[PDB]
């Protein structure tokens, strides 16, 4: 049937070639193969997108390794679930992991699980660690740098908010805010 191949790389066009050539080894059609660069689950999906819409059911997507499907293991899982529901099977060449055949159903269910767990593992640790950091008094956020004392002084000296901004090179909002926030 229609066989497709997905590749992706951060910057290394070289690492991409290696994938693409390894993909062709099984799936010859380069028009079907869809590559990507500038990795990002926050915005990068373009190439994969052309793949999505072209891929009908009973199709096979060939990837080189798990680390080539999505930026975050989460993303990868999301796609796997996606294509699967549409009836498309993803087969990771090197890893020998496939989402079709008898294994299929279980492979995906295992995939989602091992991933399910790690997401918690890291979250738990972040929460746990942010708590202690907080208890210790660790201050989060942008370290104040505005010379709040200066803004206040000038203001006391009959100066105008506008001047305090124009000469200090800060926004009127922070100037008024500094004054207003203070006790």
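Positions refer to the first chain, counted from 1.
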Got a sec? Mean C-alpha B-factor, which is higher, 107-115 or 84-92? 84-92
Using only the Cα atoms and their B-factors as the entry lists them, report which of 5-13 and 164-172 averages higher. 164-172
Considering only 139, 135, 62, 154, which residue's Cα atom bears the greatest B-factor as recorded? 154
Between 67, 147, 57, 124, where does the Cα B-factor run highest in the record? 147
In terms of the CA temperature factor given in the entry, to which third of its chain does residue 42 belong: lowest, middle or highest? highest
Tertile call for residue 131 (CA temperature factor, within chain, third-based) is the lowest
